[PDB]
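Below is input06.txt, which holds compact mmCIF, C-alpha atoms and all ligand atoms.
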```txt
# COMPACT_ATOMS: atom_id res chain seq x y z
CA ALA H 11 -3.16 3.57 26.18
CA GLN H 12 -5.67 2.60 23.48
CA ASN H 13 -5.16 -0.62 21.49
CA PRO H 14 -2.01 -1.72 23.41
CA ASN H 15 -1.79 -5.06 21.55
CA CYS H 16 -1.67 -3.17 18.20
CA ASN H 17 -4.60 -5.02 16.63
CA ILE H 18 -5.96 -3.99 13.23
CA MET H 19 -9.18 -2.06 13.90
CA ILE H 20 -12.23 -1.92 11.62
CA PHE H 21 -14.42 1.20 11.49
CA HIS H 22 -18.01 1.75 10.37
CA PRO H 23 -18.50 5.53 10.03
CA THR H 24 -22.01 6.89 9.63
CA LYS H 25 -22.74 9.13 6.64
CA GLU H 26 -22.46 12.15 8.97
CA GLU H 27 -19.07 10.94 10.25
CA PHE H 28 -17.92 10.41 6.63
CA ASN H 29 -18.04 14.13 5.76
CA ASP H 30 -14.82 15.33 7.39
CA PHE H 31 -11.87 13.18 6.37
CA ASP H 32 -9.23 14.75 8.63
CA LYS H 33 -11.53 14.57 11.66
CA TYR H 34 -12.23 10.87 11.15
CA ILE H 35 -8.53 9.99 10.79
CA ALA H 36 -7.94 11.82 14.08
CA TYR H 37 -10.86 9.93 15.64
CA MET H 38 -9.42 6.57 14.55
CA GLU H 39 -6.09 7.49 16.14
CA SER H 40 -7.86 8.56 19.37
CA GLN H 41 -8.98 4.91 19.54
CA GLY H 42 -5.45 3.61 18.96
CA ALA H 43 -5.91 2.51 15.35
CA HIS H 44 -2.47 3.72 14.26
CA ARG H 45 -0.72 1.36 16.68
CA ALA H 46 -1.46 -1.52 14.27
CA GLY H 47 0.00 0.27 11.24
CA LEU H 48 -3.16 -0.48 9.24
CA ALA H 49 -6.94 0.10 9.66
CA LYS H 50 -10.01 -0.89 7.63
CA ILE H 51 -12.84 1.57 7.00
CA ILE H 52 -16.16 0.30 5.70
CA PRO H 53 -18.09 3.20 4.11
CA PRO H 54 -21.68 3.92 5.12
CA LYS H 55 -24.31 2.07 3.08
CA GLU H 56 -25.50 5.34 1.50
CA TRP H 57 -22.09 6.00 -0.10
CA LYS H 58 -20.65 5.00 -3.47
CA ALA H 59 -17.41 5.79 -5.28
CA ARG H 60 -19.06 6.01 -8.71
CA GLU H 61 -22.18 4.74 -10.48
CA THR H 62 -20.79 1.69 -12.33
CA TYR H 63 -17.55 0.11 -13.49
CA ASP H 64 -19.01 -0.97 -16.86
CA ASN H 65 -16.91 1.47 -18.88
CA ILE H 66 -13.31 1.12 -17.68
CA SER H 67 -12.01 -1.36 -20.27
CA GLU H 68 -10.33 1.26 -22.48
CA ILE H 69 -7.99 2.54 -19.76
CA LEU H 70 -4.41 1.83 -20.89
CA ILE H 71 -1.84 -0.01 -18.79
CA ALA H 72 1.19 1.46 -20.57
CA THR H 73 3.76 -0.71 -18.79
CA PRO H 74 2.42 -3.92 -17.24
CA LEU H 75 4.97 -5.50 -14.90
CA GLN H 76 5.77 -9.22 -14.80
CA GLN H 77 6.78 -10.04 -11.22
CA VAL H 78 9.56 -12.62 -11.38
CA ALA H 79 10.64 -14.22 -8.06
CA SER H 80 13.99 -15.52 -6.79
CA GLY H 81 14.72 -17.32 -3.53
CA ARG H 82 12.68 -19.76 -1.44
CA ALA H 83 8.92 -19.97 -0.92
CA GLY H 84 8.90 -17.95 2.29
CA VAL H 85 11.88 -15.63 1.65
CA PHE H 86 12.22 -14.20 -1.85
CA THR H 87 12.75 -11.10 -3.92
CA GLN H 88 10.85 -10.09 -7.04
CA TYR H 89 11.93 -8.00 -9.98
CA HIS H 90 9.64 -6.22 -12.42
CA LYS H 91 10.04 -7.14 -16.07
CA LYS H 92 8.39 -4.59 -18.36
CA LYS H 93 5.79 -5.92 -20.81
CA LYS H 94 4.03 -4.39 -23.82
CA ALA H 95 1.08 -2.07 -23.25
CA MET H 96 -2.44 -3.43 -22.95
CA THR H 97 -5.89 -2.09 -22.12
CA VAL H 98 -7.71 -2.94 -18.91
CA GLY H 99 -10.07 -5.11 -20.99
CA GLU H 100 -7.13 -7.08 -22.37
CA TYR H 101 -5.58 -7.32 -18.88
CA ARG H 102 -8.83 -8.64 -17.37
CA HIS H 103 -9.00 -11.31 -20.08
CA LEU H 104 -5.39 -12.28 -19.32
CA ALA H 105 -6.05 -12.41 -15.57
CA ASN H 106 -8.95 -14.79 -16.15
CA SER H 107 -7.05 -17.08 -18.54
CA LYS H 108 -6.14 -20.62 -17.46
CA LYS H 109 -2.48 -19.61 -17.01
CA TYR H 110 -3.20 -16.78 -14.56
CA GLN H 111 -6.64 -17.36 -13.00
CA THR H 112 -7.21 -17.98 -9.29
CA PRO H 113 -7.23 -21.71 -8.48
CA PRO H 114 -10.17 -23.48 -6.85
CA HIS H 115 -10.05 -22.87 -3.08
CA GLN H 116 -12.21 -23.34 0.02
CA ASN H 117 -11.86 -19.92 1.67
CA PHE H 118 -9.43 -17.01 2.17
CA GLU H 119 -7.22 -19.11 4.47
CA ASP H 120 -6.89 -21.91 1.89
CA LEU H 121 -5.99 -19.38 -0.78
CA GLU H 122 -3.39 -17.78 1.56
CA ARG H 123 -1.80 -21.21 2.04
CA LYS H 124 -1.68 -21.72 -1.73
CA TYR H 125 -0.16 -18.26 -2.26
CA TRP H 126 2.79 -18.80 0.08
CA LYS H 127 3.33 -22.38 -1.09
CA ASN H 128 3.34 -21.60 -4.81
CA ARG H 129 3.94 -17.87 -5.46
CA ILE H 130 7.59 -18.17 -6.47
CA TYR H 131 6.84 -20.72 -9.23
CA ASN H 132 4.74 -18.23 -11.22
CA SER H 133 5.25 -14.74 -12.60
CA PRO H 134 1.96 -12.80 -12.51
CA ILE H 135 1.57 -9.49 -14.35
CA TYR H 136 0.67 -6.34 -12.35
CA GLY H 137 -0.63 -2.96 -13.54
CA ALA H 138 1.19 -0.55 -11.25
CA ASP H 139 1.05 3.10 -10.23
CA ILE H 140 -1.05 4.22 -13.17
CA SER H 141 -1.76 7.92 -12.59
CA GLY H 142 -5.53 8.45 -12.54
CA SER H 143 -8.77 8.13 -10.57
CA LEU H 144 -12.04 6.20 -10.77
CA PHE H 145 -13.94 8.34 -8.24
CA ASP H 146 -16.85 10.25 -9.73
CA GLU H 147 -16.18 14.00 -9.53
CA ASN H 148 -19.55 14.35 -7.76
CA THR H 149 -18.49 11.99 -4.96
CA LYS H 150 -17.83 14.44 -2.14
CA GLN H 151 -16.83 12.08 0.69
CA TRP H 152 -13.54 10.16 0.80
CA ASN H 153 -12.77 10.97 -2.84
CA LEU H 154 -9.07 10.11 -3.12
CA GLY H 155 -8.59 12.69 -5.90
CA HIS H 156 -9.94 15.51 -3.71
CA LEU H 157 -7.86 15.18 -0.52
CA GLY H 158 -5.86 17.99 1.03
CA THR H 159 -2.33 17.89 -0.37
CA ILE H 160 0.81 16.95 1.55
CA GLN H 161 2.38 20.20 0.39
CA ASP H 162 -0.46 22.20 1.94
CA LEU H 163 -0.19 20.16 5.15
CA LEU H 164 3.53 20.98 5.42
CA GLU H 165 2.75 24.63 4.78
CA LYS H 166 0.01 24.70 7.43
CA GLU H 167 2.21 22.99 10.03
CA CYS H 168 5.61 24.50 9.38
CA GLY H 169 4.86 27.72 7.49
CA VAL H 170 6.96 26.82 4.47
CA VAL H 171 5.58 26.88 0.94
CA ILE H 172 6.94 24.20 -1.39
CA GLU H 173 6.60 22.98 -4.97
CA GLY H 174 5.05 19.62 -5.77
CA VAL H 175 1.75 17.87 -6.34
CA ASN H 176 0.30 14.56 -5.27
CA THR H 177 -2.34 12.67 -7.17
CA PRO H 178 -3.80 9.13 -6.98
CA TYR H 179 -2.62 5.95 -8.66
CA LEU H 180 -4.58 2.99 -10.00
CA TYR H 181 -3.54 -0.65 -9.55
CA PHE H 182 -4.93 -3.45 -11.71
CA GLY H 183 -4.09 -6.82 -10.17
CA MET H 184 -4.46 -10.55 -10.78
CA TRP H 185 -3.94 -13.72 -8.73
CA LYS H 186 -0.54 -13.75 -6.95
CA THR H 187 0.38 -10.16 -7.84
CA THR H 188 2.40 -9.00 -4.88
CA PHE H 189 3.37 -5.85 -3.00
CA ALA H 190 6.70 -6.22 -1.19
CA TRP H 191 7.44 -5.17 2.41
CA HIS H 192 7.66 -1.37 2.62
CA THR H 193 6.68 1.82 4.37
CA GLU H 194 5.53 4.81 2.31
CA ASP H 195 7.81 7.51 0.94
CA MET H 196 8.91 9.68 3.72
CA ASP H 197 6.94 7.40 6.03
CA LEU H 198 3.70 9.07 4.91
CA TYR H 199 0.21 7.66 5.38
CA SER H 200 -1.50 5.88 2.52
CA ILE H 201 -5.15 5.25 1.79
CA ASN H 202 -6.26 2.48 -0.57
CA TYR H 203 -9.77 1.90 -1.96
CA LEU H 204 -10.58 -1.45 -3.59
CA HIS H 205 -12.91 -0.36 -6.41
CA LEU H 206 -13.74 -3.67 -8.05
CA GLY H 207 -13.02 -7.40 -8.16
CA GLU H 208 -11.34 -9.98 -5.98
CA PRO H 209 -9.82 -9.32 -2.52
CA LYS H 210 -6.44 -8.06 -1.41
CA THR H 211 -4.72 -9.65 1.65
CA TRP H 212 -2.50 -7.40 3.78
CA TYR H 213 0.26 -8.07 6.34
CA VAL H 214 1.42 -5.26 8.64
CA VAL H 215 4.00 -4.66 11.38
CA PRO H 216 3.13 -2.15 14.15
CA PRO H 217 5.12 1.09 13.69
CA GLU H 218 6.60 0.73 17.20
CA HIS H 219 8.17 -2.56 16.03
CA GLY H 220 9.30 -1.61 12.53
CA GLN H 221 12.98 -1.90 13.38
CA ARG H 222 12.47 -5.57 14.29
CA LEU H 223 11.34 -6.23 10.72
CA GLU H 224 14.32 -4.23 9.39
CA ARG H 225 16.75 -6.31 11.45
CA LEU H 226 15.28 -9.59 10.18
CA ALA H 227 15.34 -8.31 6.60
CA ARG H 228 19.05 -7.46 6.91
CA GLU H 229 19.68 -11.03 8.10
CA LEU H 230 17.58 -12.63 5.34
CA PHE H 231 18.83 -10.47 2.43
CA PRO H 232 22.48 -9.93 3.39
CA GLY H 233 23.83 -8.81 -0.01
CA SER H 234 20.99 -6.32 -0.44
CA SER H 235 21.64 -4.92 3.03
CA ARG H 236 25.34 -4.38 2.26
CA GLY H 237 24.37 -2.51 -0.91
CA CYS H 238 21.97 -0.09 0.77
CA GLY H 239 21.22 0.96 4.35
CA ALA H 240 17.54 1.31 3.48
CA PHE H 241 17.06 -1.44 0.89
CA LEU H 242 13.42 -2.15 1.82
CA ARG H 243 12.81 1.20 0.05
CA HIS H 244 13.52 -0.76 -3.16
CA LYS H 245 10.21 -2.58 -2.55
CA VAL H 246 11.32 -6.02 -3.74
CA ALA H 247 11.60 -8.20 -0.58
CA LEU H 248 9.01 -10.73 0.63
CA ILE H 249 8.95 -12.62 3.94
CA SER H 250 6.06 -14.99 4.72
CA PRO H 251 3.92 -14.97 7.87
CA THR H 252 5.44 -18.36 8.80
CA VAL H 253 8.96 -16.94 8.68
CA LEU H 254 7.88 -13.83 10.61
CA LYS H 255 6.37 -16.05 13.34
CA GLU H 256 9.50 -18.23 13.44
CA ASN H 257 11.54 -15.09 14.13
CA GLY H 258 9.14 -13.58 16.66
CA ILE H 259 8.27 -10.53 14.53
CA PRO H 260 5.01 -8.91 15.68
CA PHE H 261 2.53 -8.58 12.79
CA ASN H 262 -1.14 -8.82 11.84
CA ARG H 263 -3.08 -9.74 8.72
CA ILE H 264 -6.45 -8.84 7.19
CA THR H 265 -8.25 -9.23 3.87
CA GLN H 266 -9.72 -6.18 2.11
CA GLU H 267 -12.79 -6.70 -0.11
CA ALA H 268 -14.30 -4.55 -2.87
CA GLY H 269 -15.92 -1.39 -1.52
CA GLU H 270 -13.56 -1.10 1.47
CA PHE H 271 -10.83 1.42 2.37
CA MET H 272 -7.53 0.61 4.08
CA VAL H 273 -5.32 3.25 5.70
CA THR H 274 -1.65 2.64 6.44
CA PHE H 275 -0.10 4.77 9.16
CA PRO H 276 3.37 6.39 9.28
CA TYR H 277 6.16 3.78 9.47
CA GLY H 278 3.71 0.86 9.29
CA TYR H 279 5.49 -1.79 7.19
CA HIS H 280 3.06 -3.66 4.94
CA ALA H 281 3.06 -6.34 2.21
CA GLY H 282 0.42 -8.46 0.55
CA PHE H 283 -1.15 -10.04 -2.50
CA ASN H 284 -4.22 -9.98 -4.75
CA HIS H 285 -6.68 -12.88 -4.94
CA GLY H 286 -7.67 -12.42 -8.60
CA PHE H 287 -8.55 -9.64 -11.06
CA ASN H 288 -9.14 -6.38 -9.23
CA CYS H 289 -8.67 -2.62 -9.31
CA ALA H 290 -7.54 -0.43 -6.42
CA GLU H 291 -6.82 3.29 -6.10
CA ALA H 292 -4.33 4.70 -3.61
CA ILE H 293 -2.67 7.96 -2.60
CA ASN H 294 -0.33 9.22 0.12
CA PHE H 295 -1.45 11.82 2.62
CA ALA H 296 -0.22 13.58 5.75
CA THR H 297 -1.54 14.83 9.10
CA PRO H 298 0.13 16.94 11.80
CA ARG H 299 1.27 13.72 13.54
CA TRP H 300 3.17 12.67 10.38
CA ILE H 301 5.68 15.56 10.53
CA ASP H 302 7.90 13.91 13.17
CA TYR H 303 7.95 10.67 11.16
CA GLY H 304 8.89 12.58 8.01
CA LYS H 305 11.83 14.12 9.89
CA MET H 306 13.10 10.69 10.92
CA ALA H 307 12.41 8.67 7.76
CA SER H 308 15.22 6.55 6.37
CA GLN H 309 16.33 7.17 2.83
CA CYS H 310 17.75 5.14 -0.02
CA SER H 311 20.74 6.91 -1.57
CA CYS H 312 22.19 3.93 -3.48
CA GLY H 313 20.09 5.07 -6.42
CA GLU H 314 17.76 2.08 -6.67
CA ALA H 315 14.64 3.53 -5.02
CA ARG H 316 14.15 6.28 -7.66
CA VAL H 317 11.31 8.46 -6.49
CA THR H 318 8.74 11.16 -7.37
CA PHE H 319 9.45 14.85 -7.97
CA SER H 320 7.58 15.91 -4.83
CA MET H 321 9.83 14.03 -2.47
CA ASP H 322 12.69 16.46 -3.15
CA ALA H 323 11.04 19.21 -1.15
CA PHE H 324 10.15 16.89 1.73
CA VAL H 325 13.80 15.84 2.15
CA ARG H 326 15.04 19.40 1.54
CA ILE H 327 12.90 20.94 4.29
CA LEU H 328 12.57 18.11 6.83
CA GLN H 329 16.03 16.50 6.39
CA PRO H 330 18.43 19.25 5.25
CA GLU H 331 21.55 17.38 6.45
CA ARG H 332 20.65 14.35 4.34
CA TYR H 333 19.52 16.32 1.29
CA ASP H 334 22.82 16.59 -0.67
CA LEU H 335 23.69 12.90 -0.30
CA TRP H 336 20.13 11.88 -1.13
CA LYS H 337 19.91 14.04 -4.26
CA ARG H 338 23.20 12.51 -5.40
CA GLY H 339 21.29 9.22 -5.40
CA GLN H 340 18.40 10.54 -7.49
CA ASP H 341 21.00 11.45 -10.11
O1 LIG N 401 -2.06 -2.26 -3.65
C1 LIG N 401 -0.82 -2.37 -3.79
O2 LIG N 401 -0.28 -3.06 -4.68
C2 LIG N 401 0.09 -1.63 -2.85
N1 LIG N 401 -0.61 -0.67 -2.02
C3 LIG N 401 0.02 -0.05 -1.02
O3 LIG N 401 1.16 -0.36 -0.68
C4 LIG N 401 -0.68 1.03 -0.33
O4 LIG N 401 -1.88 1.29 -0.64
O5 LIG N 401 -0.04 1.66 0.53
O1 LIG N 402 -16.29 10.20 13.77
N1 LIG N 402 -16.07 10.74 14.85
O2 LIG N 402 -15.43 11.78 14.90
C1 LIG N 402 -16.58 10.13 16.08
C2 LIG N 402 -17.25 8.96 16.01
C3 LIG N 402 -17.74 8.39 17.17
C4 LIG N 402 -17.52 9.02 18.37
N2 LIG N 402 -16.85 10.19 18.42
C5 LIG N 402 -16.37 10.75 17.32
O3 LIG N 402 -15.70 11.92 17.39
NI NI N 403 2.02 1.07 0.56
ZN ZN N 404 18.98 1.79 -2.04
```

As structure tokens, what does this structure read like?
Amino acid sequence: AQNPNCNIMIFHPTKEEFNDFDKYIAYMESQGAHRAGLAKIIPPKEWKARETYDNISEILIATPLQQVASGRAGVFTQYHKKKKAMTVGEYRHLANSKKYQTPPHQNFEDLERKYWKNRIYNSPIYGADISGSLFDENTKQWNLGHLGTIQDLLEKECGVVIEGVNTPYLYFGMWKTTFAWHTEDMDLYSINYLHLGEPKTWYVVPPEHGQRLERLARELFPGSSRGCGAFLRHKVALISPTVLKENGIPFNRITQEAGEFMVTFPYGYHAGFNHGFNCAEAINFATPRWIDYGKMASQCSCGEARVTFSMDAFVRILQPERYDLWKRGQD
């Protein structure tokens, strides 16, 4: 078996290898990349997402989210307080202000230490799931707005035609902005391109060990667990690498820099934080190997998760027994 220790693998495709997206995902899996839950892909030197980022300041962040923490430094939840709209130019200025800017630090490891020591005592503001794309329409390789759709994948694999669309989302971040422990809707893949700015640090649990993380989360967030059998779907729980190590949870970490792609694999739990002002673009996708994960994916039915239009069809076709109870939750 390839990659038996479930290490995060880093790939350097040539420009020729960068033409066929599906083929390269399959290649990465042939080398065991999916066992980690997360892979990094560094594009060939001849590639670019777009010409410049000099003209993005007028993009609107309609609902910036202030991420307010509760708990202890290594085990906390965050809730999202809605703030007034602001442009990306205004957001960048805010990110760089004395209140929100990245502190002096020696290296990525020093900054990681500072993040887990001090995150809960601040409430950074995140620009989240803004529908849109920053890939140039003429970028033909690994353009996240031009991928094959999940609906077409399901149709190709299972012969059923369904409603729904899937399109990319933009994320404008600042120091300490945080993504909570989660897998994707319907345990799909995700792909994330860091367009511009400071790094993003990722933590990931191998898919074969996801239930170990779930068990620890139930122990650490007992009220939340009683309220919902899939409460990590709420995407509000954080557990530090120190606490994961203390509890013997297998995981890995890596830092993504501007110009790099990350792929998360089905049922790969991930969490992380931004180092400073940045902009990322992400979208979910599927492959034939995803279908079995989609069939088995947990669901939130307590009503908290609240999810996209397109997920209806996924649950309806892949999980017909669960569908009625689940749809009761979306209402
Ligand atoms: O970048 C973020 O805030 C969160 N991203 C993801 O969880 C992802 O790309 O799958
Ligand atoms: O990108 N590939 O597909 C690939 C790269 C290297 C070796 N074999 C392959 O199939
Ligand atoms: Ni994700
Ligand atoms: Zn729930």

Proximity check stretch 75-191 of chain H to stretch 23-27 of chain H, 12 Å, nearest pairs one decimal Å, all atoms listed in the file, as a tab-separated table:
```
residue	atom	partner	partner_atom	distance
H:150	CA	H:25	CA	11.4
H:151	CA	H:25	CA	8.9
H:152	CA	H:25	CA	10.9
```

Between chain H and ligand ZN 404 (chain N), at 8 Å or less, what are the per-residue closest atom pairs and their distances in Å? Count only C-alpha atoms and all ligand atoms, order by chain and rising residue number, and return it as CSV.
```
residue,atom,partner,partner_atom,distance
H:237,CA,N:ZN404,ZN,7.0
H:238,CA,N:ZN404,ZN,4.5
H:239,CA,N:ZN404,ZN,6.8
H:240,CA,N:ZN404,ZN,5.7
H:241,CA,N:ZN404,ZN,4.8
H:242,CA,N:ZN404,ZN,7.8
H:243,CA,N:ZN404,ZN,6.5
H:244,CA,N:ZN404,ZN,6.1
H:309,CA,N:ZN404,ZN,7.7
H:310,CA,N:ZN404,ZN,4.1
H:311,CA,N:ZN404,ZN,5.4
H:312,CA,N:ZN404,ZN,4.1
H:313,CA,N:ZN404,ZN,5.6
H:314,CA,N:ZN404,ZN,4.8
H:315,CA,N:ZN404,ZN,5.5
```

How many Å lie between atom CA of residue H:228 and atom CA of residue H:322, rounded to one decimal?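 Going from atom CA of residue H:228 over to atom CA of residue H:322 covers 26.7 Å.
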
Hey, could you make a per-residue contact list for chain H against ligand LIG 402 (chain N) with 12 Å as the cut-off, showing the nearest pair of atoms and its distance in Å to one decimal, counting all atoms listed in the file, sorted by chain and number, as JSON lines?
```
{"residue": "H:21", "atom": "CA", "partner": "N:LIG402", "partner_atom": "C2", "distance": 9.4}
{"residue": "H:22", "atom": "CA", "partner": "N:LIG402", "partner_atom": "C2", "distance": 9.2}
{"residue": "H:23", "atom": "CA", "partner": "N:LIG402", "partner_atom": "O1", "distance": 6.4}
{"residue": "H:24", "atom": "CA", "partner": "N:LIG402", "partner_atom": "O1", "distance": 7.8}
{"residue": "H:25", "atom": "CA", "partner": "N:LIG402", "partner_atom": "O1", "distance": 9.7}
{"residue": "H:26", "atom": "CA", "partner": "N:LIG402", "partner_atom": "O1", "distance": 8.1}
{"residue": "H:27", "atom": "CA", "partner": "N:LIG402", "partner_atom": "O1", "distance": 4.5}
{"residue": "H:28", "atom": "CA", "partner": "N:LIG402", "partner_atom": "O1", "distance": 7.3}
{"residue": "H:29", "atom": "CA", "partner": "N:LIG402", "partner_atom": "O1", "distance": 9.1}
{"residue": "H:30", "atom": "CA", "partner": "N:LIG402", "partner_atom": "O1", "distance": 8.3}
{"residue": "H:31", "atom": "CA", "partner": "N:LIG402", "partner_atom": "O1", "distance": 9.1}
{"residue": "H:32", "atom": "CA", "partner": "N:LIG402", "partner_atom": "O2", "distance": 9.3}
{"residue": "H:33", "atom": "CA", "partner": "N:LIG402", "partner_atom": "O2", "distance": 5.8}
{"residue": "H:34", "atom": "CA", "partner": "N:LIG402", "partner_atom": "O1", "distance": 4.9}
{"residue": "H:35", "atom": "CA", "partner": "N:LIG402", "partner_atom": "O2", "distance": 8.2}
{"residue": "H:36", "atom": "CA", "partner": "N:LIG402", "partner_atom": "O2", "distance": 7.5}
{"residue": "H:37", "atom": "CA", "partner": "N:LIG402", "partner_atom": "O2", "distance": 5.0}
{"residue": "H:38", "atom": "CA", "partner": "N:LIG402", "partner_atom": "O1", "distance": 7.8}
{"residue": "H:39", "atom": "CA", "partner": "N:LIG402", "partner_atom": "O2", "distance": 10.4}
{"residue": "H:40", "atom": "CA", "partner": "N:LIG402", "partner_atom": "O3", "distance": 8.8}
{"residue": "H:41", "atom": "CA", "partner": "N:LIG402", "partner_atom": "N2", "distance": 9.5}
{"residue": "H:51", "atom": "CA", "partner": "N:LIG402", "partner_atom": "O1", "distance": 11.5}
{"residue": "H:54", "atom": "CA", "partner": "N:LIG402", "partner_atom": "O1", "distance": 12.0}
```

With only C-alpha atoms and all ligand atoms as the basis for distance, which of H:74, H:278, H:113, H:269 is at the shortest distance from ligand NI 403 (chain N)?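 Ranking H:74, H:278, H:113, H:269 by distance to ligand NI 403 (chain N), first place goes to H:278.
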